[PDB]
Amino acid sequence: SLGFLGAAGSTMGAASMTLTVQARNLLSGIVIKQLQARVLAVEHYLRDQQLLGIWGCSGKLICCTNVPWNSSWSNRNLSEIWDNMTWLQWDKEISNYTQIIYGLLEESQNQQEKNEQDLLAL
Amino acid sequence: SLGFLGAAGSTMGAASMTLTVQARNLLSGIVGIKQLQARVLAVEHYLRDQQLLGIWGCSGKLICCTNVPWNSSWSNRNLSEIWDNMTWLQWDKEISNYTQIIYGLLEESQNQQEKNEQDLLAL
Amino acid sequence: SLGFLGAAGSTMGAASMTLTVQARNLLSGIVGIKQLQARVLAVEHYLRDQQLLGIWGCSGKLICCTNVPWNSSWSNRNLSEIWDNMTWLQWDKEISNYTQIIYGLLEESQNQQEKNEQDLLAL
Amino acid sequence: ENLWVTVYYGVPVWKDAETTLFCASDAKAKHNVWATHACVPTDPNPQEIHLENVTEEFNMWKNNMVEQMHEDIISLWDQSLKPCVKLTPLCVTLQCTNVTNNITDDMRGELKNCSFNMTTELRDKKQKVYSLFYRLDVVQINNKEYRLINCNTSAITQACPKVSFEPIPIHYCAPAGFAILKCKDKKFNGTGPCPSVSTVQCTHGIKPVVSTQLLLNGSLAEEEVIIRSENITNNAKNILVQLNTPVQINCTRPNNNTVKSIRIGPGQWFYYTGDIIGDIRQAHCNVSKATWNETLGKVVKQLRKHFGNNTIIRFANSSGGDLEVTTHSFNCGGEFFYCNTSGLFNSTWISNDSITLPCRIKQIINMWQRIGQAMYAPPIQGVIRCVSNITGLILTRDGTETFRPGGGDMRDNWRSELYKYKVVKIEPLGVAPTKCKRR
Amino acid sequence: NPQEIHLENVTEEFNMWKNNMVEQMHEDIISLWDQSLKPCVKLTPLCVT
Amino acid sequence: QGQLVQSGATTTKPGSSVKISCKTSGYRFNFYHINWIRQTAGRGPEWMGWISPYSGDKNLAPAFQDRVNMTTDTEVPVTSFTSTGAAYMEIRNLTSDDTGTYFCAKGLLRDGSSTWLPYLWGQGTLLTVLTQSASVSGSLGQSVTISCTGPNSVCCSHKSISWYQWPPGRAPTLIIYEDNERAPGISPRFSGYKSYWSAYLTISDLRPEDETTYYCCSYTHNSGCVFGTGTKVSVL
Ligand SMILES: *[C@@H]1O[C@H](CO)[C@@H](O[C@@H]2O[C@H](CO)[C@@H](O[C@@H]3O[C@H](CO[C@H]4O[C@H](CO)[C@@H](O)[C@H](O)[C@@H]4O)[C@@H](O)[C@H](O[C@H]4O[C@H](CO)[C@@H](O)[C@H](O)[C@@H]4O)[C@@H]3O)[C@H](O)[C@H]2NC(C)=O)[C@H](O)[C@H]1NC(C)=O
Ligand SMILES: *[C@@H]1O[C@H](CO)[C@@H](O[C@@H]2O[C@H](CO)[C@@H](O[C@@H]3O[C@H](CO)[C@@H](O)[C@H](O)[C@@H]3O)[C@H](O)[C@H]2NC(C)=O)[C@H](O)[C@H]1NC(C)=O
Ligand SMILES: *[C@@H]1O[C@H](CO)[C@@H](O[C@@H]2O[C@H](CO)[C@@H](O[C@@H]3O[C@H](CO)[C@@H](O)[C@H](O)[C@@H]3O)[C@H](O)[C@H]2NC(C)=O)[C@H](O)[C@H]1NC(C)=O
Ligand SMILES: *[C@@H]1O[C@H](CO)[C@@H](O[C@@H]2O[C@H](CO)[C@@H](O)[C@H](O)[C@H]2NC(C)=O)[C@H](O)[C@H]1NC(C)=O
Ligand SMILES: *[C@@H]1O[C@H](CO)[C@@H](O[C@@H]2O[C@H](CO)[C@@H](O)[C@H](O)[C@H]2NC(C)=O)[C@H](O)[C@H]1NC(C)=O
Ligand SMILES: *[C@@H]1O[C@H](CO)[C@@H](O[C@@H]2O[C@H](CO)[C@@H](O)[C@H](O)[C@H]2NC(C)=O)[C@H](O)[C@H]1NC(C)=O
Ligand SMILES: *[C@@H]1O[C@H](CO)[C@@H](O[C@@H]2O[C@H](CO)[C@@H](O)[C@H](O)[C@H]2NC(C)=O)[C@H](O)[C@H]1NC(C)=O
Ligand SMILES: *[C@@H]1O[C@H](CO)[C@@H](O)[C@H](O)[C@H]1NC(C)=O
Ligand SMILES: *[C@@H]1O[C@H](CO)[C@@H](O)[C@H](O)[C@H]1NC(C)=O
Ligand SMILES: *[C@@H]1O[C@H](CO)[C@@H](O)[C@H](O)[C@H]1NC(C)=O
Ligand SMILES: *[C@@H]1O[C@H](CO)[C@@H](O)[C@H](O)[C@H]1NC(C)=O
Ligand SMILES: *[C@@H]1O[C@H](CO)[C@@H](O)[C@H](O)[C@H]1NC(C)=O
Ligand SMILES: *[C@@H]1O[C@H](CO)[C@@H](O)[C@H](O)[C@H]1NC(C)=O
Ligand SMILES: *[C@@H]1O[C@H](CO)[C@@H](O)[C@H](O)[C@H]1NC(C)=O
Ligand SMILES: *[C@@H]1O[C@H](CO)[C@@H](O)[C@H](O)[C@H]1NC(C)=O
Ligand SMILES: *[C@@H]1O[C@H](CO)[C@@H](O)[C@H](O)[C@H]1NC(C)=O
Ligand SMILES: *[C@@H]1O[C@H](CO)[C@@H](O)[C@H](O)[C@H]1NC(C)=O
Ligand SMILES: *[C@@H]1O[C@H](CO)[C@@H](O)[C@H](O)[C@H]1NC(C)=O
Ligand SMILES: *[C@@H]1O[C@H](CO)[C@@H](O)[C@H](O)[C@H]1NC(C)=O
Ligand SMILES: *[C@@H]1O[C@H](CO)[C@@H](O)[C@H](O)[C@H]1NC(C)=O
Ligand SMILES: *[C@@H]1O[C@H](CO)[C@@H](O)[C@H](O)[C@H]1NC(C)=O
Ligand SMILES: *[C@@H]1O[C@H](CO)[C@@H](O)[C@H](O)[C@H]1NC(C)=O
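(A) Just the overall build of chain F, in detail. When helices and strands are counted, chain F shows 0 helices and 20 strands. In terms of overall size, chain F behaves like a compact globule, its C-alpha atoms giving a radius of gyration of 18 Å where 236 residues would be expected to give roughly 18 Å. Counting only C-alpha atoms and orienting by the principal axes, one finds that chain F spans roughly 50 × 45 × 35 Å. Every one of the 236 residues in chain F was classed for burial, and the buried ones make up 50%. Carbon and sulfur atoms form 49% of the exposed surface of chain F, whose accessible area is close to 11,100 Å². Looking at charge distribution, chain F has the averaged site of its 18 positive side-chain charges lying 3 Å from that of its 16 negative ones.

(B) Region of interest: the packing of aromatic side chains. Residue and element names in this part refer to chain F. All chains considered together, the criterion is met by 35 aromatic pairs over all chains. These aromatic residues form a ring-pair network of at least three members: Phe103, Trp121, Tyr164, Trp166, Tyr215 and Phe227. The side chain of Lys19 reaches across the aromatic face of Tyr88, ending 4.4 Å from its centre. The ring centre of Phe31 lies 4.9 Å from the NZ or CZ of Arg28, which sits over that ring.

(C) Layout of the interface of chain E and chain D. The interface is formed by 5 residues belonging to chain E together with 6 residues belonging to chain D. The contact between chain E and chain D buries some 450 Å² in all, and 64% of this surface belongs to carbon and sulfur atoms. The three residues of chain E that bury the most area against chain D are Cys47, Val48 and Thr49 of chain E, which together make up 75% of that side's buried surface. Summed over the shared surface of chain E and chain D, the number is 0 salt bridges. In this assembly, chain E and chain D are joined by 2 residue pairs in polar contact.

(D) Quick peek at the site of ligand 4. Residues and elements named next belong to chain D. In the region of ligand 4, the neighbouring residues are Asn217, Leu220, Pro246 and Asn389. A distance of 2.3 Å separates an oxygen atom of ligand 4 from a polar side-chain atom of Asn389. Considered on its own, ligand 4 offers 580 Å² of accessible surface; in the complex 25% of this is hidden by protein. Counted by class, the shell around ligand 4 contains 2 nonpolar, 2 polar and no charged residues.

(E) The sheet that holds strand 19 (residues 213-219) of chain F, seen in detail. All names here are of chain F. Strand order in this open sheet of 5 strands is 16-15-14-19-20, and the pairing throughout is antiparallel. Strands at the two margins of the open sheet, each flanked by one partner only, are strand 16 (181-182) and strand 20 (231-232). In terms of strand pairing, strand 19 meets strand 20 through 2 bridges, oriented antiparallel. By the bridge assignment for strand 20, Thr213 is matched with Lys232.

(F) Structural view of the sheet that holds strand 13 (residues 178-183) of chain D. Residues and elements named next belong to chain D. A sheet is described by the order of its strands in space; here 5 strands give the open sequence 2-30-13-15-4, paired in antiparallel fashion. Of all the strands in the sheet, just strand 2 (14-16) and strand 4 (49-51) have a single pairing partner and so form its edges. Averaged over all pairs of adjacent strands, the angle between strand axes in this sheet comes to 40°, irrespective of strand direction. As paired strands, strand 4 and strand 15 (residues 197-200) are joined by 3 bridges and run antiparallel to one another. Its bridge partner lying in strand 15, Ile49 is registered against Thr199.

(G) Spotlight on the side chain of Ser52 of chain F. In this structure, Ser52 of chain F sits in the loop between strand 4 (46-51) and strand 5 (58-60). Dropping the residues within four chain positions of it, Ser52 of chain F is found in contact with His33 and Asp57 of chain F.

(H) Region of the structure containing the arrangement of the chains. Here the protein chains form 9 pairs of chains in contact, of which the pair with the most contacts is chains B and D. Nothing in chain C touches chain D, and the closest approach of their C-alpha atoms is 15 Å. For chain A and chain F, which are not in contact, the least C-alpha distance works out to 17 Å.

(I) Summary view of the pattern of salt bridges. For the structure on display, the rule yields 41 salt bridges over all chains. One salt bridge connects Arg108 of chain D with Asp105 of chain D, and the closest N-O pair in it is separated by 2.8 Å. Exposure remark for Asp105 of chain D: the relative accessible area of 45% places this residue in the partly exposed category. Each of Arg38, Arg43, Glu46, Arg67 and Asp98 of chain F takes part in one network of salt bridges that share partners.

(J) Fine view of a nonpolar patch on the surface. Residues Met25, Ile29, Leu32, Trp33 and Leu37 of chain E make up a contiguous nonpolar surface patch of about 580 Å² in total accessible area. Inspection of the secondary structure assignment puts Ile29 of chain E in helix 1 (residues 21-37).

(K) The arrangement of helix 5 (residues 99-120) of chain B in detail. The end-to-end C-alpha distance of helix 5 of chain B is 31 Å, a good match for the 32 Å that 22 residues give at a rise of 1.5 Å each. What helix 5 of chain B keeps buried is the set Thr99, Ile102, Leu106, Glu107, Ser109, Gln110, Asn111 and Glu114 of chain B. Against the buried residues of helix 5 of chain B lie helix 3 (33-55) and strand 1 (63-69) of chain B together with helix 2 (20-23) of chain C.

(L) Summary view of the state of the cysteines. By the definition in use, this model includes 16 disulfides over all chains. Look at chain F and number its bonded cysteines as they come in the sequence; the links are 1-2, 3-4, 5-6. Free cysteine: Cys64 of chain A, not disulfide-bonded; nearest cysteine sulfur from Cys63 of chain A at 7.1 Å. The class for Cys64 of chain A is exposed, based on a relative accessible area of 61%. Note on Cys65 of chain C: no disulfide assigned, nearest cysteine sulfur contributed by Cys64 of chain C at a separation of 7.2 Å.

(M) Inspection of the pairing of strand 19 of chain F at higher detail. Residue and element names in this part refer to chain F. Among the 7 residues of strand 19, 7 are classified as buried, and the element is accordingly described as predominantly covered. Neither face of strand 19 is left uncovered, since the one carrying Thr213, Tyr215, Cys217 and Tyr219 and the one carrying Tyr214, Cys216 and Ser218 both have all their residues buried. Relative to strand 19, strand 14 (residues 160-166) is paired through 7 bridges, and the arrangement is antiparallel. Residue pairing for strand 19: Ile161 is matched across the bridge by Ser218.

(N) How the structure looks around the packing of helix 3 (residues 33-54) of chain A against helix 3 of chain B. Running from N to C, helix 3 of chain A and helix 3 of chain B point in directions that differ by 35°, and their axes come no closer than 11 Å. Helix 3 of chain A and helix 3 of chain B meet at a crossing whose hand is left-handed. Each of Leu35, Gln36, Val39, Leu40, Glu43 and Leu46 of chain A in helix 3 of chain A lies in contact with helix 3 of chain B, whose residues at this interface are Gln35, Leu36, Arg39, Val40, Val43 and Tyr46 of chain B. By residue class, the composition of the contact of helix 3 of chain A with helix 3 of chain B is 8 nonpolar, 2 polar and 2 charged.

(O) Local environment of the interface of chain D and chain B. Taken together, the contact pairs 38 residues of chain D with 46 residues of chain B. Summing both sides of the interface, chain D and chain B together bury roughly 4,300 Å²; the carbon and sulfur share of this comes to 68%. The three residues of chain D that bury the most area against chain B are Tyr9, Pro12 and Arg438 of chain D, which together make up 22% of that side's buried surface. In this assembly, chain D and chain B are joined by 2 salt bridges. Residue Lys15 of chain D pairs with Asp92 of chain B through a salt bridge whose shortest N-O separation is 2.6 Å. For the side of chain D that touches chain B, the secondary-structure elements that each account for two or more residues are strand 1 (4-9), strand 2, strand 4 and strand 31 (429-434) of chain D.

Scoring rules and cut-offs
- We count residues from 1 along each chain, following the written sequence rather than the entry's numbering, and we skip any residue without coordinates.
- Chain letters start at A and ligand numbers start at 1, both assigned in the order the entries are written.
- This view holds some of the chains of a larger assembly, and the values cover only those chains.
- Heavy atoms from the whole structure form the basis of all side-chain values; hydrogens and water molecules are not counted.
- Only DSSP runs of H or I covering at least 4 residues are called helices, and only runs of E covering at least 2 are called strands; the numbering of each starts at the N terminus.
- With the radius of gyration taken over C-alpha atoms, the globule rule is written as 2.2 Å times the number of residues to the power 0.38.
- Per-residue accessibility, obtained with a 1.4 Å probe over protein chains only, is compared with the maximum for each type, and a residue is labelled buried under 20%, exposed over 50%, and partly exposed between these values.
- Reported accessibility uses the Shrake-Rupley method at a 1.4 Å probe radius. Residues are deemed covered only where the shown protein chains occlude them.
- The convention is simple: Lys and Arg are positive, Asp and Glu are negative, and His and the chain ends are not counted.
- By convention, the charge on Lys lies at NZ, on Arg at CZ, on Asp at CG and on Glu at CD.
- Two rings from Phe, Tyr or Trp (for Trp, the six-membered ring) form a pair when their centres are within 6.5 Å of each other. A pair whose planes differ by under 30 degrees is stacked, one over 60 is edge-to-face, and the rest are tilted.
- For a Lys NZ or an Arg CZ to count as sitting over a ring, it must be within 6 Å of the ring centre and within 35 degrees of the ring normal.
- Should any heavy atoms of two residues lie within 4.5 Å, those residues are counted as being in contact.
- Summed over both partners, buried area is the accessible surface (1.4 Å probe) that two parts give up on being assembled.
- The salt bridge criterion pairs a side-chain nitrogen of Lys or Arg with a carboxyl oxygen of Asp or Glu, the two atoms within 4 Å.
- Throughout this description, a polar contact denotes any pair of N or O atoms lying within 3.5 Å of each other; where both atoms belong to protein, one of them has to be capable of donating a hydrogen while the other can accept it, and for residues adjacent in sequence the pair is counted only when both atoms sit in side chains.
- In these notes, residues near a molecule or strand are those with any non-hydrogen atom within 4 Å of it.
- Three classes are used: nonpolar for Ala, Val, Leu, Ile, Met, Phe, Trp, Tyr, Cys and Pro, charged for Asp, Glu, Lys and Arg, and polar for all others, with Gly counted as polar.
- We treat two strands as partners when DSSP finds at least two bridges between them.
- Structural elements are reduced to axes, namely lines fitted to C-alpha atoms, with helices fitted over the stretch in contact, and the angle between N-to-C directions of any two is expressed from 0 to 180 degrees.
- Each patch is built from salt-bridge-free residues with over 30% relative accessible area, joining like charges within 9 Å and nonpolar side chains (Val, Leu, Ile, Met, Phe, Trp, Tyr) within 5 Å.
- Each residue after the first adds 1.5 Å to the expected span of a helix.
- Criterion for a disulfide: a pair of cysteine sulfur atoms within 2.5 Å.
- Left-handed describes a crossing whose near helix is turned anticlockwise from the far helix through less than a right angle; right-handed describes the clockwise counterpart.

Geometric values such as these leave the question of function open.
See the structure below:
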């Protein structure tokens with residue numbers, strides 16, 4: 001337990017084990033312009049849950065998907081990522097294809113919902 | 001991929017296959033008293049829609065089935081006469097007579113389903 | 001059906017069977033700088049209640065059971081001495097000494113449960 | 001066969017509604033009266049989505065975007081007028097003369113040289129100064145004594161000389177969960193079901209041009225010329241004519257006026273009309289005669305579609321009322337022009353070179369909604385000349401037929417542009433029966 | 001209790017001359033000065049000989 | 001709902017070309033195809049062709065390939081879901097052998113496998129291979145079963161079968177479509193069944209108004225209605 005943003009410079013795997021400590025400080029704390037920031041802040045939180053729900057990860061901090069990993073995004077290996085980099089430099093390197101990944105997650109969850117609706121008809 | 005509200009005049013089944021495209025533009029986009037009042041108003045409608053979504057047990061899912069049956073007095077039409085035959089606009093226009101009753105029945109059915117699950121999990 | 005806050009003086013179990021009736025009147029109704037400040041504040045309390053609901057793994061459900069046990073030092077009373085014996089008001093009055101500890105333990109239990117599920121899904 | 005209810009989030013169903021609309025303008029940076037700096041600057045791509053098989057009922061005469069824009073424009077005028085210097089000390093007795101006005105003995109009163117005592121930076125001292133006032137801004141007392149028109153009726157404040165009254169495009173937009181319905185029918189009457197409907201988040205660039213009897217810098221009809229009215233059979237409802245070929249108008253004041261900065265009080269410097277360099281001429285507007293005749297012909301050919309091919313209609317000038325109603329009134333270069341339009345609507349049409357219009361100049365203008373607040377337009381130096389497109393008309397029926405122009409309400413000018421747009425809300429929840437059951 | 005959390009292994013690029021807190025504080029101070037100056041008595045009558 | 005009104009009953013000698021109008025009301029004229037079907041005295045009911053008042057894409061029978069001309073004009077939206085339209089049809093090399101009653105009928109749905117099927121029929125205008133049961137009858141309370149069959153060019157799952165009730169010279173009415181599904185408002189006493197070589201229409205608990213003739217249609221998603229000979233029912 002290191003606190004809020006404690007594992008900024010740590011490896012990605014070390015920071016992955018403490019996700020609630022950052023999740024519980026996204027809309028709380030002590031919060032005319034000032035009220036505008038709160039109304040703006042909640043829109044970004046709901047922006048984060050809207051994308052969370054549209055991918056089928058409603059109410060879960062770690063969710064696995066059906067889309068595969070494209071090597072053109074990053075050629076590095078698993079032991080070359082989790083015990084090898086911090087989230088800052090990872091987000092710096094992969095910041096070239098995040099939107100594409102988000103769209104693929106959206107469409108994969110949409111087709112998964114359609115498949116479940118088709119399957120539930122027997 | 002037709003975009004936001006692309007299947008307005010389309011059949012209900014065709015629009016049902018693209019639900020994310022309308023769901024992702026309900027609280028985002030580009031949105032001084034007038035400007036801030038609309039955002040606070042807009043977020044209340046999303047939470048109005050999500051609160052009803054959760055009270056029926058459809059939390060975080062765009063297609064959810066229920067336990068309540070279909071009452072013929074609401075509408076006598078058939079399935080193939082709805083999904084491949086009508087648009088969502090005229091459907092909401094015609095069924096706008098009994099929506100409150102259906103919402104109440106969904107509420108009570110989910111409540112009794114939760115009570116039944118609480119009773120069953122005691123073994 | 002007694003309405004909103006009907007079972008204030010009733011036993012806790014009696015009020016437990018009507019939870020939707022109180023849940024549907026937390027952000028709706030009929031709700032102007034003063035007026036807008038309360039709306040923005042009111043939705044923060046609903047999200048304050050919903051955020052804690054999601055971090056414990058009870059996303060979108062009014063009755064959820066947990067993995068943490070009951071500590072006798074909190075309260076020594078029995079089940080028939082709680083559900084058929086007291087109202088929610090006096091219960092919240094009595095248990096208002098250790099709620100924060102319970103909330104933290106719920107947080108950590110859900111976190112470890114998520115970690116266990118991530119470990120198990122790797123086969 | 002036991003069919004169960006199924007919920008869908010994000011169904012294409014909308015309902016007509018009224019909501020608050022915000023302003024967005026393309027980037028240009030001084031600061032105009034419309035406070036367009038306070039609106040969002042960048043429009044990347046106004047993404048219009050054609051809604052096929054969607055025929056929706058529009059009603060421009062019950063539209064709510066127009067009322068919102070009306071109140072917003074009033075708010076912009078008063079917001080720009082709030083921090084400027086008050087002119088309460090200016091309501092005094094004036095000694096006025098015809099300075100070289102007695103040339104032909106015609107336009108002697110049009111502009112007048114007035115001297116008077118006025119306050120200075122020190123409370124105890126006074127200063128006697130002179131200026132030039134247009135005829136339309138002063139009223140006699142009775143000798144050569146005069147007084148401002150607004151003194152007996154309202155308080156007076158001048159505009160700050162940095163804000164420009166030139167209109168710039170405004171894109172009106174709807175918040176999240178709302179949309180604007182654009183009807184793309186080229187023969188849209190303005191009311192009823194539109195067969196080809198599209199959706200947008202923002203309108204096109206709309207300029208707030210305050211004009212009368214002639215719509216300036218407006219949108220063009222794609223085909224024919226379109227005639228709109230609530231109850232065309234009612235003479236008490238104005239007729240809005242929209243053209244497809246714009247007619248160009250050239251307005252000018254050639255009097256080379258000069259400004260004289262005079263200090264009224266602490267941190268307050270007034271701008272009077274100092275002198276006129278060169279000749280003293282008349283402000284006027286030109287329009288080509290043949291183009292006006294052709295556009296009048298195409299207007300009457302569509303007017304005949306609701307009154308008969310054989311009935312003969314004619315065009316005459318205004319019937320009376322306030323100054324702003326009986327004239328072509330607008331804001332050119334900054335100063336307010338009022339042009340006599342008797343030379344335009346002076347033709348009778350039977351079953352089957354350029355002209356010029358004299359204009360007078362005002363700088364004391366009162367608000368068209370509430371009387372009790374008056375704005376002094378600071379005089380503009382040099383020679384004023386503006387070229388504009390007349391694209392629409394505001395006619396009034398009398399009850400053969402005669403048509404007289406007019407329309408003194410500010411919201412007519414906005415109705416001339418927001419007929420294509422309709423604001424709707426989205427209820428994205430939809431229930432329908434299916435053969436699926438939970439668990 | 002101003003809770004400061006040391007971010008170890010974190011080397012971050014700072015730039016005080018392009019910082020935005022300073023300009024914001026400048027405008028806040030100006031706004032506060034004018035807010036305090038708004039309701040007090042004007043001295044226009046004081047400009048005499 | 002929805003209603004379709006036809007033109008007048010005028011007569012003309014061979015060699016000419018006549019036009020028949022069909023005005024629609026009470027529904028989106030763009031949402032459904034329109035079919036023209038002619039009932040001849042010396043022949044069975046013949047599907048002539050359909051067009052789409054939305055896509056303008058036409059498809060006729062090869063017997064009317066180079067001899068019939070069918071057009072429409074744009075709709076007039078009445079409400080968000082009601083429209084008024086028209087449809088015109090002519091025959092170029094027209095003789096006196098094409099005498100009969102012509103019907104214009106709107107499509108069944110706007111999607112699926114039975115889109116263009118003639119569902120809502122008109123009043124009928126007076127002008128100048130699939131075999132079914134010969135004749136069957138019954139009494140009040142019992143059930144009847146009418147057969148329908150034809151060669152491999154018009155039989156089998158390969159195609160879909162519909163069942164129509166048709167009073168002589170009057171407005172028809174659809175009973176069964178895609179081999180088992182019945183039209184809305186049809187009593188459950190009617191049942192459709194389909195074997196690999198024939199289709200059966202079962203009618204239990206008969207009633208006096210059922211004294212009528214019946215036909216069956218063989219049709220795919222992009223073809224025409226292949227009618228039958230006819231089954232004359234008797235009593236009352
Ligand atoms: C606005 O409203 C109009 C009118 O309702 C809609 O147009 C309908 O669109 C649907 C599909 O969107 C059409 O139904 C489909 O027709 C397909 C082909 O029909 C064409 O066939 C030939 C091929 O070129 C054309 O010559 C002919 O004129 C038709 O245009 C079918 O393929 C569809 O499925 C059927 O066939 C396939 C074949 O593989 C099978 O797999 C299926 O199971 C099924 O049997 C389907 O039938 C319908 O015909 C159109 N109606 C009209 C009047 O044109 C618009 O779609 C609508 N717009 C929006 C945006 O919703
Ligand atoms: C409006 O009226 C005022 C009077 O209140 C005019 O100002 C006066 O104009 C006269 C004539 O130009 C000036 O007299 C001249 O003075 C100069 C300089 O001493 C002298 O060389 C000339 O021979 C002549 O005598 C007078 O000084 C001036 N007074 C003031 C206070 O300005 C003004 O010109 C009028 N405006 C117009 C547009 O006519
Ligand atoms: C209708 O639109 C036209 C153009 O879109 C307007 O004409 C514009 O009028 C203004 C002031 O009358 C002109 O501004 C001046 O421009 C000159 C250019 O050298 C500048 O030196 C001046 O300081 C001043 O800024 C503007 O140029 C002119 N635009 C064009 C293209 O000619 C017209 O005013 C509009 N009509 C109404 C009633 O507002
Ligand atoms: C007056 O009308 C003419 C013609 O409608 C305008 O010229 C058009 O301007 C638009 C936008 O600037 C162009 O897309 C067109 O190609 C132009 N066409 C022609 C024939 O010039 C002109 O801009 C209008 N002037 C004013 C002041 O509104
Ligand atoms: C209007 O009058 C002003 C003077 O009041 C003229 O301004 C002069 O313009 C010329 C241009 O070459 C300059 O050289 C002079 O220095 C200007 N004089 C002053 C006092 O600034 C202006 O040119 C006149 N305009 C018209 C159209 O007549
Ligand atoms: C109004 O003024 C404009 C420009 O001052 C005139 O338009 C010009 O017309 C001449 C024709 O001799 C062309 O050569 C120019 O190119 C035009 N200028 C522009 C900017 O297009 C117009 O003719 C005048 N109209 C009237 C009625 O006087
Ligand atoms: C079907 O008949 C219509 C007439 O209602 C034909 O439409 C006209 O045909 C003529 C001759 O080709 C053209 O000059 C007209 O422009 C057409 N339209 C109208 C509105 O008159 C149509 O061509 C005929 N169909 C075929 C295939 O010939
Ligand atoms: C990787 O991405 C490229 C371009 O985005 C695409 O063509 C390719 O199919 C992708 N491969 C995989 C395995 O996803
Ligand atoms: C990301 O894109 C930028 C600009 O195209 C490029 O300079 C950079 O090398 C890219 N990085 C990766 C990891 O693809
Ligand atoms: C249908 O609704 C009516 C009144 O809402 C009710 O009396 C009836 O029992 C309902 N039927 C079914 C089958 O739910
Ligand atoms: C749906 O089917 C019915 C069947 O009678 C038909 O009347 C209607 O026009 C069809 N379309 C709609 C939008 O209801
Ligand atoms: C809704 O109810 C009203 C009043 O009972 C009735 O007039 C109307 O026809 C009904 N509409 C529908 C679609 O049931
Ligand atoms: C009860 O709580 C105390 C302190 O909060 C702790 O020491 C003890 O282990 C707990 N026991 C149980 C059974 O939860
Ligand atoms: C809670 O604490 C208060 C004082 O802090 C005490 O009076 C009360 O008895 C306590 N109740 C329980 C149930 O521990
Ligand atoms: C200006 O001239 C007109 C011409 O009739 C005259 O009536 C008026 O009194 C004059 N004003 C003066 C000299 O102040
Ligand atoms: C200014 O005041 C004096 C007071 O003696 C008066 O004589 C003079 O007429 C006033 N000025 C004007 C323009 O009336
Ligand atoms: C002010 O004077 C004008 C001059 O004619 C007059 O029309 C108007 O009625 C007067 N206003 C009042 C309130 O007397
Ligand atoms: C405008 O045109 C529509 C189109 O049908 C018509 O219904 C309406 O009556 C017309 N209104 C006027 C005022 O002419
Ligand atoms: C239009 O006005 C006339 C008389 O002014 C009136 O009789 C008629 O009812 C009005 N039209 C409508 C739709 O009310
Ligand atoms: C008027 O002339 C037009 C020609 O454009 C014609 O269509 C219309 O029928 C005529 N109306 C009358 C009443 O003669
Ligand atoms: C406008 O001019 C006409 C003649 O050109 C004239 O009769 C009329 O009185 C004038 N109007 C005004 C307000 O001067
Ligand atoms: C108006 O028309 C009449 C007759 O054509 C003509 O005598 C008169 O001079 C015209 N006046 C104007 C201002 O056009």
